[PDB]
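Visitor: An experimental structure, sequence included, is below.
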Amino acid sequence: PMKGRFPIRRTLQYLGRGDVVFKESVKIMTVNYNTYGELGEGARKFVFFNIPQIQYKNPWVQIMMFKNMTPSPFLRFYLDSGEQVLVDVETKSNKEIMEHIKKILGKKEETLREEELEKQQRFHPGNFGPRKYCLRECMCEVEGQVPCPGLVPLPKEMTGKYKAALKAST
Amino acid sequence: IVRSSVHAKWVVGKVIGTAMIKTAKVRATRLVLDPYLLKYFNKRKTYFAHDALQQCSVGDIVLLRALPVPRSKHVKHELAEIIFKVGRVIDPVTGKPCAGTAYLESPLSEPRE
Amino acid sequence: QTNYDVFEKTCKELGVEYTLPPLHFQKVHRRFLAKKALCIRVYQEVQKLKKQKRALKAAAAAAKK
Amino acid sequence: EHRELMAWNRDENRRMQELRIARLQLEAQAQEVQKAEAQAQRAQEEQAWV
Amino acid sequence: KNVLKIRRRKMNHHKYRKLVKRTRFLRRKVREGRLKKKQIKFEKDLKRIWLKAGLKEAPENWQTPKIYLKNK
Amino acid sequence: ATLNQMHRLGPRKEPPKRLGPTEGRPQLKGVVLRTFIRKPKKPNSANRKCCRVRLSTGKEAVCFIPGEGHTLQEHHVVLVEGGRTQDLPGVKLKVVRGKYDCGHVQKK
RNA sequence: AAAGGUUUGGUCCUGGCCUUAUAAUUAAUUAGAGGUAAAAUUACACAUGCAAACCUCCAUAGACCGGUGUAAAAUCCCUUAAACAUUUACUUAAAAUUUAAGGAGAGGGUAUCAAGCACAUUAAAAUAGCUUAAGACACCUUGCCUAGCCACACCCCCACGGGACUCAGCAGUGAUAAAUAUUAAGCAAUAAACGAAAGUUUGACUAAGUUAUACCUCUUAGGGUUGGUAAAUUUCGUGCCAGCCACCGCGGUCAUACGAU
RNA sequence: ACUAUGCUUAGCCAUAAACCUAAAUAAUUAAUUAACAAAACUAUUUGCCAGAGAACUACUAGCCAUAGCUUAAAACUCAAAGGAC
Ligand code: FES
Ligand SMILES: [K+]
Ligand SMILES: [K+]
Ligand SMILES: [K+]
Ligand SMILES: [K+]
Ligand SMILES: [K+]
Ligand SMILES: [K+]
Ligand SMILES: [Mg+2]
Ligand SMILES: [Mg+2]
Ligand SMILES: [Mg+2]
Ligand SMILES: [Mg+2]
Ligand SMILES: [Mg+2]
Ligand SMILES: [Mg+2]
Ligand SMILES: [Mg+2]
Ligand SMILES: [Mg+2]
Ligand SMILES: [Mg+2]
Ligand SMILES: [Mg+2]
Ligand SMILES: [Mg+2]
Ligand SMILES: [Mg+2]
Ligand SMILES: [Mg+2]
Ligand SMILES: [Mg+2]
Ligand SMILES: [Mg+2]
Ligand SMILES: [Mg+2]
Ligand SMILES: [Mg+2]
Ligand SMILES: [Mg+2]
Ligand SMILES: [Mg+2]
Ligand SMILES: [Mg+2]
Ligand SMILES: [Mg+2]
Ligand SMILES: [Mg+2]
Ligand SMILES: [Mg+2]
């Protein structure tokens, strides 16, 4: 049995379910939540369930969490321009908090798709090379082309050993 | 007005020391994923920050701005803001003084003092 | 950490001095306390020599000017 | 689009601030009533104790 | 449970105590010499520090304390 | 251990693999120094043929000579290999029959 | 791991060791040809030959290719600036290739290495600080990041200087080691250097030589094993001896366990 | 028979089968018998363990401790040791 409560939170599939990819402006997200109370239950669940998913998709964003410092829970984002975006998450479900932050400071699906395509621009199927980078190492693998001499012996007339013998014979 | 090279253009941390002149030692923490356990833990870093007015006290949360030119070997940030003062917090949501999870001044009232 | 204003009055009235917890624990034993005393003394001597050298160097320059 | 989203956020914070003042107002009325009753019990007990 | 594992430790400790009893005087001379070497290593380590710092004589009014001798 | 304790310690520390009589090498060449007999610890009974050798590394080891009958003598050269003789305690090397001075057992 | 064998008079539990799978090197025995890949004891000392030229004088090149894994926890990934011993363009901009200062995060061992001893800040030159059990410092070990990268180039970390005075370029030799490729041909191909060019040069490379180390196609058959784990023994000899076993174990006269068959 | 000693006044030493062999805290008593013991079992946090012997040992550092305490290996040996029945 995996240790801890809700061990599914410690699986790569769960971490990849996060959908909030912050814009490049977002630099820090401080989370102020209270460990005791009734109006801060959603914030506590947001720290428990959602903060891992947010960090997984935003490795360069500093998430620092403070406990029992204020009467109510809130989220404050620090942007590169110097703006500070305060969010009030009291009486809000953990799912509601995720949707709110996605709207205001989350990249759109169109933007994310474009980046994925650009990343793969330099991979070409026709390119030959090692398996890590290319589909086929050599043209011998292609159908109809002369096969590799190791797998299939070449005709004698196509061999330097044979050609050199003829030149001596000439 | 080119910006710093350092990755940490904006860092939040706690002032863990203030015994250097016009400098505040700040401990920042980030979340790092343990690859074996797939759980996040806290990796903490120390940042020297220029406290021009010596307005920082141990235990207060602060925001640092990366300096364009390193002031010294270790001082590469300045104190942008004091997010939370130690024991003197002001609620961001309501704006009233607080002492923990309680209001020193009720939000219903309008003291304007 | 919660009410700094109340904290300041209580310490002044009750006459209680509050020292903040030291970040790092320092071990103590005869060998360490003796080496740590010399190291502090050696530094001070080196710095005292530098101050004397700076004064002599500046004094010579002033005479030349 | 950033400016519009930052305007919507401030409105949401004001909308929730309004609810907080409405909720906390109700508490002041009820808690005030309880405080008066509790002070009455103290007055009765305090006189008896004297 | 039986006391068999305790009996092994019982014999090990008894035999060790009699071995220490036999060679008690030899052990004393070993210790006084191990402490003397422990002091010289302490003194030398202090000389290394000031010599590296650039001092040619130990700091004024300094005498390495003798911390391993019978001072108490 | 808790997840915090597993994180602070990480994977189990692994004692290093100390080498054996051959020093992690397939074979060694040695010069015979003496030929003697060793008695197999009880409950076995035999007069096992062994020899001391100075290996190329420079150390000296005791090597069991397998087979029925050997012609080894002092100053001979042999190729030793690994493999302990279970009954003979301390004998962690064996001689290879058919290499250098040592020869194959004469078949009967 | 789909597991198995082995604690005991016996059972259960716990627990180590070992077996079964895969691959490299060396060794024993054995071996036809053909194709292909790889070639590897040693930063110990090196006989001999060769490995850098081109070219109307100036220049350019010999800073590459090739070799080794010396040193070093050495690094990876990323940011910023700058040049270039460059190219191609313009009289001003696109690249390739480097250098310097850095840091979100990641990065070997020993904590019986627990303290380091100046490792800080301010900028009237004062303050007493800086790193460290969230592992500093010390010591030890190792090339890693693998379309490749990093370091090294006889030794003294460097190379003014000094010394024990140069194959870690190809081939080859001595010594050393369990470890064994030709002191070979060609510049025709591709790559590099030079030239305006026809061209020239190249132990890079290409085509061969050597070798069951691997793979492929074939044709001869040899090696080991046969108590259990674990597929498979007849007769005889031996008699706790001679010998055998990876583990448990076998051998004291009807031994499926040793030797021959 | 008799002493050190048990007692008192100060200081030192810092060890026990110091074991109720069961860390502390908050639960739960059904969805729940390896054996034995004092029923099972979840969460939180720290400490500790990784075959037996060698070893309450060697070396190191600290300590009023000097035949001492805490800290604590390796070589080497074995194919088991151990717990309950
Ligand atoms: S690998 Fe393509 S010809 Fe051999
Ligand atoms: K026997
Ligand atoms: K087992
Ligand atoms: K060098
Ligand atoms: K050519
Ligand atoms: K056969
Ligand atoms: K007890
Ligand atoms: Mg009993
Ligand atoms: Mg004993
Ligand atoms: Mg038993
Ligand atoms: Mg061979
Ligand atoms: Mg190269
Ligand atoms: Mg090395
Ligand atoms: Mg030690
Ligand atoms: Mg040489
Ligand atoms: Mg050099
Ligand atoms: Mg050579
Ligand atoms: Mg050379
Ligand atoms: Mg070879
Ligand atoms: Mg040209
Ligand atoms: Mg028989
Ligand atoms: Mg067998
Ligand atoms: Mg047989
Ligand atoms: Mg008496
Ligand atoms: Mg007494
Ligand atoms: Mg104890
Ligand atoms: Mg008791
Ligand atoms: Mg004891
Ligand atoms: Mg002891
Ligand atoms: Mg000791």
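Guide: Now that the structure is in, tell me what you want to look at. Residues are numbered from 1 along each chain as shown, chains lettered A, B, ... in the order given. Ligands and ions are numbered 1, 2, ... in the order given.
Visitor: Am I right that residue A:65 falls within a strand?
Guide: Yes. Applying DSSP: H, G, I helix; E, B strand; the rest coil, one finds residue A:65 inside a strand.
Visitor: Neighbours of it, how many?
Guide: Residues contacting residue A:65 under the criterion other Cβ atoms under 10 Å in any protein chain shown number 14. In this view, the C-beta of every residue, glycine as well, is placed from N, C-alpha and C.
Visitor: is it in a bridge, and if so with what?
Guide: Counting by DSSP bridges, residue A:65 is bridged to residue A:31.
Visitor: Do I have it right that it meets residue A:46?
Guide: No. The criterion here is Cβ atoms under 8 Å, and residue A:65 misses it with residue A:46 at 10.2 Å.
Visitor: Mutual contacts of those two, please.
Guide: A:31, A:33 (Cβ atoms under 8 Å, 6 or more residues apart in numbering or on different chains).
Visitor: correct me, but residue B:61 touches residue B:12?
Guide: Yes. With contact defined as Cβ under 8 Å, residue B:61 counts as touching residue B:12 (6.6 Å).
Visitor: So which of the two has more stuff around it?
Guide: Neighbour count, other Cβ under 10 Å: between residue B:61 and residue B:12, residue B:12 has more, with 25 against 21.
Visitor: can you tell me how far residue B:56 sits from ligand 1?
Guide: As judged by Cβ to the nearest ligand atom, to the nearest Å, residue B:56 and ligand 1 stand 67 Å apart.
Visitor: Quick check: which element contains that residue?
Guide: Here residue B:56 sits in a region with no helix or strand, counting by DSSP states H and E.
Visitor: And for it, the neighbour number?
Guide: So residue B:56, with other Cβ under 10 Å, has 21 neighbours.
Visitor: Which elements pack onto the helix or strand hosting residue C:57?
Guide: Under the criterion of DSSP H and E, residue C:57 resides in helix C:30-64. With contacts defined as 3 or more Cβ pairs under 8 Å, 6 or more residues apart in numbering or on different chains; DSSP states H and E, helix C:30-64 has these neighbours: helix E:24-53.
Visitor: Can you name every helix or strand that the helix it packs on contacts?
Guide: helix C:30-64.
Visitor: how about the helices in chain D?
Guide: For chain D, the helices defined by DSSP state H occupy D:2-49.
Visitor: Any figure for the gap between the closest residue to RNA strand H within it and chain A?
Guide: Nearest to RNA strand H, among the residues of chain D, is residue D:34, at 27.2 Å (Cβ to the nearest atom of the strand). Per Cβ to the nearest Cβ, to the nearest Å, residue D:34 is found 19 Å from chain A.
Visitor: A helix includes residue B:45, no?
Guide: No. Using three-state DSSP, the secondary structure at residue B:45 is strand, not a helix.
Visitor: what sits opposite it in the beta ladder?
Guide: Beta-bridge partners, per DSSP bridges, of residue B:45: residue B:28.
Visitor: Isn't it up against residue B:16?
Guide: No. Checked against Cβ under 8 Å, the pair residue B:45 and residue B:16 is beyond contact range at 11.4 Å.
Visitor: ok, now how distant is the residue most central in space within chain C from residue A:108?
Guide: By Cα atoms, centre = their mean, chain C has its centre lying nearest to residue C:40, at 10.1 Å. Between residue C:40 and residue A:108 the computed distance is 61 Å (Cβ to Cβ, to the nearest Å).
Visitor: Quick one: the strands in chain A, in order.
Guide: Along chain A, counting by DSSP state E, strands occupy A:26-33, A:62-67, A:74-79, A:84-88.
Visitor: Columns distance to residue C:10 on top of those strands, output as TSV?
Guide: Supplementary listing: those in TSV, determined by distance: least, Cβ to Cβ, whole Å:
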stretch	distance to residue C:10
strand A:26-33	27
strand A:62-67	24
strand A:74-79	30
strand A:84-88	33
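Visitor: and of those, who's closest to residue F:7?
Guide: Of all the strands of chain A, it is strand A:62-67 that lies closest to residue F:7, at 17.9 Å by Cβ to Cβ.
Visitor: could you dump stretch A:13-25 to CSV, C-alpha only?
Guide: Extracted C-alpha coordinates of stretch A:13-25, given in CSV (Å, rounded to 0.1, in the frame of the first residue of the first chain):
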residue,chain,number,x,y,z
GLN,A,13,-1.1,10.6,-14.5
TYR,A,14,-2.7,12.6,-11.8
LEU,A,15,0.0,15.3,-11.9
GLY,A,16,-0.5,15.6,-15.7
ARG,A,17,-4.3,16.2,-15.3
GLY,A,18,-3.6,19.8,-14.3
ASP,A,19,-4.9,22.3,-16.8
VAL,A,20,-3.7,25.6,-15.4
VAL,A,21,-0.7,26.7,-17.4
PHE,A,22,0.2,30.2,-16.3
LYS,A,23,1.1,33.0,-18.7
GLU,A,24,4.8,33.9,-18.9
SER,A,25,4.0,37.1,-16.8
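Visitor: Kind regards, and thank you for your time.
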